[PDB]
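Just one chain is shown here, as structure tokens, and it is the form deposited in one PDB entry.
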């Protein structure tokens, strides 16, 4: 599978092993608040995770992307499609992080590109994903996009995002798709 994911001001490309340091820094910096704790890994462990992930990519079971600014090609984040199922053909997405260098609309654009990769490039029929309870900036973003809250448990809210809303959003968000 080759992807050609480009939106108005951002684009994606599959993660490579040499992205380990950018990712490790991105994931460290994202956690970086008053409550920072034990470093959850390092550049080599990230590289190791990526090389293992490549087995999954080559089997068609997972796709992990770097998000870039189109204007100067700098890396600004990550996003991942994983946990694929059948009946229905569904994918999850997550590992979604954007740094301080992001474009203004990098969040909406990268989400729209996720859906393009999922529904168009890979032929899925729905998207399943979870969001931590209390993280309300993220919940309303998804709702505003058309994701349906489907269930919840203690820690998360579970959403589904149907093909039908992907097709609608291609029209409604055409300016963001460039």
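Shifts are known only where both forms have a C-alpha. Positions refer to the first chain, counted from 1. Between two forms, the rigid core is the largest collection of C-alphas that superpose within 1.5 Å.
> Is the mean CA B factor in the deposited entry higher across 14-22 or across 151-159?
Per the PDB record, 151-159.
> Tell me which stretch has the larger mean Cα B-factor in this entry, 130-138 or 54-62.
Comparing 130-138 with 54-62, the higher mean C-alpha B-factor belongs to 130-138.
> Of the choices 45, 110, 39, 121, which one's C-alpha carries the largest B-factor in the record?
Answer, based on the entry's C-alpha B-factors: 39.
> Is the Cα B-factor recorded for residue 5 in the lowest, middle or highest third of its chain?
Middle third.
> Select lowest, middle or highest to describe the third in which the CA B-factor of residue 49 falls within its chain in this entry.
Middle third of the chain for residue 49's C-alpha B-factor.
> With respect to C-alpha B-factor, does residue 90 fall in the lowest, middle or highest third of the chain as deposited?
CA B-factor rank for residue 90: lowest third.
The discussion below concerns the form deposited in another entry, not included here.
> Which residue of 61, 136, 48, 30 is the mover here, meaning its C-alpha shifts by 2 Å or more between this form and the one not shown once both are aligned on the rigid core?
Residue with a C-alpha shift of 2 Å or more: 30.
> 2 Å or more on the CA of residue 39 between this form and the one not shown, with the rigid core superposed, yes or no?
Shift at residue 39: 2 Å or more after core fit.
> Out of closer and farther, which fits the Cα atoms of residue 30 and residue 76 in that other deposited form compared with this form, where the change is 3 Å or more?
Residue 30 and residue 76 sit farther apart in that other deposited form.
> A 3 angstroms or greater change in CA distance between residue 31 and residue 46 is reported in that other deposited form. Closer or farther than in this form?
Farther apart, by at least 3 Å.
> Looking only at residues in both forms, which consecutive runs of at least three have C-alphas displaced 2 Å or more between this form and the one not shown after fitting the rigid core?
Residues 30-41 form the sole shifted run.
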